Amino acid sequence: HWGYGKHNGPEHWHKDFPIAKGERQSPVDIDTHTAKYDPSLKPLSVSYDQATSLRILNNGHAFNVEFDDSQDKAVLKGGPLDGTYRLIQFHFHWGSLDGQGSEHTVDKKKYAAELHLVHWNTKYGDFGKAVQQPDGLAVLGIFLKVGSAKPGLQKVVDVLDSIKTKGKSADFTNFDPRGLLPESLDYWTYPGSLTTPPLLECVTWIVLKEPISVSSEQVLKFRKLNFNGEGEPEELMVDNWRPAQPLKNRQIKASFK
Ligand SMILES: NS(=O)(=O)c1ccc(-c2ncc(CCl)[se]2)cc1
Ligand SMILES: [Zn+2]
């Protein structure tokens, strides 16, 4: 029953999930002038050569591209992280209009969309145990702006017709998430949360500075998805983003000068 409408959207979530008003909630605004360069941050390691995508699912809130995480095949390491974090899924948040859609903001600027590559810390054995720990997850966040098409996204865009409604899934093998990465791995990092219920405070956020460009046609196809199930009243899957939350007692660190 939580969602993104007038009666069940982000300002209501605290009633079922009181941690919504917690001390390390996400997303946040990234104030680029107050983030401090941290020369001790190690370089980020994104090792996606052996990634094994399996399936694409409309879960009623976003679409997830799911990966085989039963072995160390697509891993994130380095940066602010200790140990090895395994890719489980990616998804996006987007707007009804190009002027909004991202969850994180940069000096209050909203991008058209935001990609989340979700990874779990292998020392906790599985995703469900990992989300109960303060260092359980690492989410790589990448902003999308509208301009030139992203060739590596098109395979995703073109399957969306087959998962229009909530609960639909489709086979989605051999998708290479390297084709969704900008050139630079310069990032900001801070401790935060899942940005949807249950809003668990288990995430090391790593948000890349360089956006990727996608075409207006690509993002228009995201906006034809539905929040509803098949044979229910059509409600377009748009504006599935949580707004910026208070920073509280946290510092955002930059990997670059
Ligand atoms: N937007 S986000 O990257 O912070 C993010 C990632 C993962 C989840 C969940 N995965 C399984 C869940 C219980 Cl079915 Se909730 C929720 C939110
Ligand atoms: Zn997300």
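By the method listed in its record, X-ray crystallography, this PDB entry was determined to a resolution of 1.3100 Å.

As a further point, take the coordination of the zinc ion (ligand 2). The zinc ion (ligand 2) binds to the protein through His 91 (NE2), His 93 (NE2) and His 116 (ND1), with metal-donor distances spanning 2.0 Å. Bound by four donor atoms, the zinc ion (ligand 2) shows angles of 99 to 115° at the metal and therefore tetrahedral coordination geometry. Spacing between the donor residues of the zinc ion (ligand 2) along the chain follows H-x1-H-x22-H. Taken together, the positions of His 93 in strand β7 (residues 85-94) and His 116 in strand β9 (residues 113-121) put the pair 23 residues apart, joining distant regions of the chain. For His 93, a relative accessible area of 2% translates into the label buried.

This next bit is on the UniProt feature "binding site: substrate" in the protein. Feature annotation in UniProt places "binding site: substrate" on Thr 195 and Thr 196, given in this structure's numbering. You can see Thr 195 is positioned in the loop between β12 (187-192) and β13 (203-208). When neighbours within four sequence positions are excluded, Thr 195 is seen to be in contact with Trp 13, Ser 26, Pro 27, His 93, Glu 103, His 116, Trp 205 and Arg 242. Relative to the assigned elements, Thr 196 resides in the loop between β12 and β13. Overall, the relative accessible area of 23% leaves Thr 196 in the partly exposed class. Apart from residues lying up to four places away in sequence, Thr 196 is in contact with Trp 2, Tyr 4 and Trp 13.

Now for the site of ligand 1. Within the structure, ligand 1 sits among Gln 89, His 91, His 93, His 116, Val 118, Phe 127, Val 139, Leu 194, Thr 195, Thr 196, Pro 198 and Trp 205. At 3.4 Å from a nitrogen atom of ligand 1 is found a side-chain nitrogen or oxygen belonging to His 93. In this structure, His 116 approaches ligand 1 through a side-chain N or O atom, which is 3.3 Å from a nitrogen atom. A total of 450 Å² of accessible area belongs to ligand 1 in isolation, and the protein chains cover 67% of it. Elements represented by at least two residues in the shell around ligand 1 include exactly β7 and β9. Here the shell around ligand 1 is built from residues that sort into six nonpolar, six polar and no charged.

The next subject is the UniProt feature "binding site: Zn(2+)" in the protein. Mapped onto this structure's residue numbering, the UniProt feature "binding site: Zn(2+)" falls at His 91, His 93 and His 116. A compact arrangement is adopted by the annotated residues: their sequence extent is 26 residues, whereas the largest C-alpha distance between any two is 8.2 Å. Residues in contact with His 93, not counting those within four places in the same chain, are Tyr 4, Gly 101, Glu 103, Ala 112, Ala 113, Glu 114, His 116, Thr 195, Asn 240 and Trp 241. Separated by 3.3 Å, the side chains of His 93 and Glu 103 make a polar contact. In contact with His 116, not counting residues within four places along its chain, are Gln 89, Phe 90, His 91, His 93, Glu 103, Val 139, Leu 140, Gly 141, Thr 195 and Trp 205.

Turning our eyes to something else, we now look at the pairing of strand β4 (residues 53-58). As defined by bridge partners, β4 adjoins strand β5 (residues 63-67) across five bridges and the pair is classed as antiparallel. When the bridges of β5 are listed, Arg 55 appears paired with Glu 66. Where β4 hands over to β5, the hairpin turn is made up of four residues, of which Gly 60 adopts a positive phi near 90°.

Let's shift gears to the pattern of salt bridges. In this structure the tally under the stated criterion is nine salt bridges. Where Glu 232 meets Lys 166, a salt bridge forms, and the shortest distance between an N and an O atom there is 3.9 Å. Here the residue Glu 232 occupies a position in the loop between α3 (216-222) and β15 (253-254), and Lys 166 occupies one in the loop between α2 (154-159) and β11 (169-171), the gap between them amounting to 66 residues. The exposure class of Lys 166 is partly exposed, given its relative accessible area of 39%. Across the pair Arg 178 and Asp 176 runs a salt bridge, and its minimum N-O distance is 2.7 Å. For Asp 176, a relative accessible area of 31% corresponds to the partly exposed category.

Let us now look at the pairing of β9. Taken across its nine residues, β9 has nine buried, putting it largely inside the fold. Alternating positions in β9 separate into two faces, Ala 113, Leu 115, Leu 117, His 119 and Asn 121 on one and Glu 114, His 116, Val 118 and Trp 120 on the other, with burial throughout. Relative to β9, β7 runs antiparallel, the two being bridged by nine bridges. Paired with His 91 across the bridge in β9 is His 116. For β9 and strand β10 (residues 137-146), the ladder comprises eight bridges, and the chain directions are antiparallel.

Cut-offs applied
- Residues numbered from 1 in each chain as written, not as in the entry; some residues may be left out.
- Chains lettered and ligands numbered in written order.
- Heavy atoms only, no water.
- Donors = N, O, S within 2.8 Å, 3.2 Å for Na, K, Ca; no water.
- Tetrahedral: all angles 85-135°; square planar, octahedral: opposite > 155°, others 65-115°.
- Helix = DSSP H or I, 4+ residues; strand = E, 2+ residues; numbered from the N terminus.
- Buried < 20%, exposed > 50% of the residue type's maximum accessible area, 1.4 Å probe, protein only.
- UniProt positions renumbered as here; feature names shortened; annotations may be inferred.
- Contact = heavy atoms within 4.5 Å.
- Near = heavy atom within 4 Å.
- Polar contact = N/O pair within 3.5 Å; in protein donor to acceptor, adjacent residues only side chain to side chain.
- Areas by Shrake-Rupley, 256 points an atom, 1.4 Å probe, with all protein chains shown as cover.
- Nonpolar A, V, L, I, M, F, W, Y, C, P; charged D, E, K, R; others polar.
- Pairing = 2+ DSSP bridges.
- Salt bridge = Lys/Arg side-chain N within 4 Å of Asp/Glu carboxyl O.

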